[PDB]
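Undergrad: Provided hereafter are the protein sequence and its experimental coordinates.
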Amino acid sequence: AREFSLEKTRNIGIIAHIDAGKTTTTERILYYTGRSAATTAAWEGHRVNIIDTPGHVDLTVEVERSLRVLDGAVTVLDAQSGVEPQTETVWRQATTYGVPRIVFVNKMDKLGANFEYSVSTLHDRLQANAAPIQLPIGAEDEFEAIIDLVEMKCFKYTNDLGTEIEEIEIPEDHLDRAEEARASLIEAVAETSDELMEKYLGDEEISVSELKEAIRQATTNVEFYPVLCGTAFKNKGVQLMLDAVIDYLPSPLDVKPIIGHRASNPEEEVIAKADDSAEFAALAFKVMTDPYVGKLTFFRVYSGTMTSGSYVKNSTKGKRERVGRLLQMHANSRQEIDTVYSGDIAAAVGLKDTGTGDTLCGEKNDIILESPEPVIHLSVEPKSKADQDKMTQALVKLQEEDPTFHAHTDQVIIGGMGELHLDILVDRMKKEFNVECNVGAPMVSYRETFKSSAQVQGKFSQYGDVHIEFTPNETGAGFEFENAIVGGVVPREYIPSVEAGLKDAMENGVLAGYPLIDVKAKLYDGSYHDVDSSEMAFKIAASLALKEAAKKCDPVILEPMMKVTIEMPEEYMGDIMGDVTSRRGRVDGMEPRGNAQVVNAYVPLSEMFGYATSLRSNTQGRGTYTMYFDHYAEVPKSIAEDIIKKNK
């Protein structure tokens, strides 16, 4: 029987930069809530789950995931420099996923500390509706009290230990400032609420509570972001902000159910809401390994209820998993339980076949809450044979933790989604798994394809034969083999053996030696013997076909194209281009947001090396970009001729 009720639960995570005072803020939050990937705690008869967000925002896959894991967030800002480039890249994401937010402006105690300023940024840069529900008294050294607007009280801080908080009444000389502040607080909520609009102008006095009811309505619908203040290190306003999480930030019931499809048709939205009556469904957001307990698979349960020792479906991988004991990491402790209801988070011990992104649901049902390709790759050189063991070991494990990377042993070669991605991966090896290894330069991974069609035949004279029709496929369509054979001059016995020989012979590539893609092959005819003909020769044939095809099909080299989104001051807006159009980029569409323009562009990854270093140098620290894969494109003849000569 659950200690806490959905209504009493808060799933949160902390969106902050490092110099915003992130780590220092998390601990205070863990401490005040005490007595990691995810931590269970409590504040005031409320279950509080603090979800660890990724260490860098360039990892989109994670941040997206951790956002769906959580319900609402606490954004931490520096009291001086206001918001910063990445925090907003993440903020907009938060909104795409409809994550309620409250804002805690930290590090008030320092220099250049400007509260009424930092607040501006959310307005100016993020175009966000946010108004202080509190105001400071003093700044820098002078920082002393905090005015709570909604209840109209004040609190004095006599120590840096966060004890003996004097709860006092608002001093005169700040009385006015307090007054227009609460007044300026009460509408920003009212732009949203209706009857409150009358009540404002109509002059009716607004209650403390009835006001609270109103805000928490704005924030849980994310039309308003409450804003707070303090210094985490000196223990000021941390508690008030904790209360704030209780008052405003959503329970699992106050947000909209997570979308997902079923196991066969993945076009149905299947609803997952928090119901203990309904069938259990959950998502695994983290996997690590303890020296003692073994593999830990962390998870959140959106719908249904779960118990220790029963069986569950791992829906993503298509198998059956037997729940071991369930654990809960607390601040300082670990505690075991036999049951997981909805809206809750716990780790599971000894689930053999599970990995990050995997959806666990009940036995009967079929549901999945989540759904990859290398554009860039590295060479890795282990020393002697001593290290080489440990690496190849790691590679097996790492897959389970991050499926988003590829394994190639042909030296060993790992492709990934980017230089940053690949590094953390190498990071994890060099350090955590202790391998000493030479590491190459990032290299674009090119492809190949056919610009035209043809019909050809390989025949291996030990005898094998095929007639295949090779045609350029739709860009992105991948590879689809069609078996058109009828009479059986080629018997089924060797038929899939052809498909293999093709795949394998294409992977090698016909031009510079890069994998062959976007190509249709159809097998319309052949000739077989009954003694000599072997599954081998029927490979050598398919391969042979490919070689002849390569001669008639006008093969071409493909390079990756990225979707580059810049944002900048329009004084430089000409520059970024003469830059882009020097990069073989082309600019498609643009839209303004607030006082800056968002430039959308398409650029070859090959031309994108050292871009951030030319973004700042031109715009003087003002510009910011994002990038991700879009499509493969045909390399220009002059460039392509070189890649050939190289690999030759």
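TA: That came in fine, so what should we check first? Residues are numbered from 1 along each chain as shown.

Undergrad: name the SS class of residue 226, please.
TA: Put simply, residue 226 is strand when judged by DSSP: H, G, I helix; E, B strand; the rest coil.

Undergrad: okay, it and residue 219: tell me how far apart.
TA: Going from residue 226 to residue 219 by CB to CB, to the nearest Å gives 6 Å. Bear in mind the C-beta positions are built from the backbone N, C-alpha and C, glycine included.

Undergrad: and what of residue 433?
TA: 43 Å.

Undergrad: looking at the two, which is more packed in?
TA: Ranked by neighbour count (other CB atoms under 10 Å), residue 433 and residue 219 place residue 219 first, with 23 against 15.

Undergrad: so which bits of the helix or strand hosting the more buried one are buried?
TA: Residue 219 belongs to helix 208-220 when assigned by DSSP states H and E. Going by neighbour count (16 or more other CB atoms under 10 Å), the buried part of helix 208-220 is 211, 214-220.

Undergrad: next: stretch 508-528.
TA: Buried, per 16+ other CB under 10 Å, within stretch 508-528: 509-512, 514-523, 525-526, 528.

Undergrad: gap between the two ends of that stretch?
TA: End-to-end distance for stretch 508-528, by CA to CA, to the nearest Å: 26 Å.

Undergrad: show me where the stretch 251-400 of the chain has its strands.
TA: Assigned by DSSP state E, counting those that start in this stretch, the stretch 251-400 of the chain shows strands spanning 281-290, 294-303, 306-307, 311-314, 319-322, 326-330, 333-337, 339-340, 344-349, 359-361, 376-382.

Undergrad: next: the stretch 1-150 of the chain.
TA: 9-16, 38-42, 47-51, 72-78, 101-106, 130-132, 134-137, 145-148.

Undergrad: which one of those strands is the most hemmed in?
TA: Of the strands of the stretch 1-150 of the chain, the one with the most neighbours on average (mean count of other CB atoms under 10 Å) is strand 101-106, at a mean of 27.

Undergrad: which strands and helices sit next to that strand?
TA: Contact here means 3 or more CB pairs under 8 Å, 6 or more residues apart in numbering; DSSP states H and E; on that basis strand 101-106 packs against strand 72-78, helix 115-124, strand 225-229, helix 238-247.

Undergrad: now stretch 470-486: buried residues?
TA: Buried residues in stretch 470-486 (16+ other CB under 10 Å): 470-473, 479, 481, 485.

Undergrad: now for these: which two are most distant?
TA: Greatest spacing in the buried residues of stretch 470-486, by CB to CB: 472 and 485 (22.4 Å).

Undergrad: could I get the strands of the stretch 1-150 of the chain as TSV with distance to residue 232?
TA: TSV is the format used below for those (distance: least, CB to CB, whole Å):
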stretch	distance to residue 232
strand 9-16	10
strand 38-42	16
strand 47-51	14
strand 72-78	8
strand 101-106	6
strand 130-132	18
strand 134-137	15
strand 145-148	14
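
Undergrad: and for residue 226 and residue 219, which residues touch both?
TA: 102, 248 (CB atoms under 8 Å, 6 or more residues apart in numbering).

Undergrad: can you list the domain ranges for this protein.
TA: Listed domain ranges for the chain are 1-256, 257-371, 372-448, 449-559+631-648, 560-630 (source: curated CATH domains).

Undergrad: what residues sit buried inside the longest strand along the chain?
TA: In the chain, with assignment by DSSP state E, the single longest strand is strand 555-568. Applying a neighbour-count criterion of 16+ other CB under 10 Å, one finds 555-562, 564-568 buried in strand 555-568.

Undergrad: from those, which is closest to residue 257?
TA: residue 565 (29.9 Å).

Undergrad: thought residue 626 was touching the closest one, still the case?
TA: Yes. If you go by CB atoms under 8 Å, residue 565 and residue 626 touch, sitting 4.6 Å apart.

Undergrad: residues near residue 591, how many?
TA: Neighbours around residue 591, by other CB under 10 Å: 8.

Undergrad: likewise for residue 173?
TA: Residue 173 has 8 nearby residues by other CB under 10 Å.

Undergrad: helix, strand or coil for it?
TA: Three-state assignment for residue 173 (three-state DSSP): helix.
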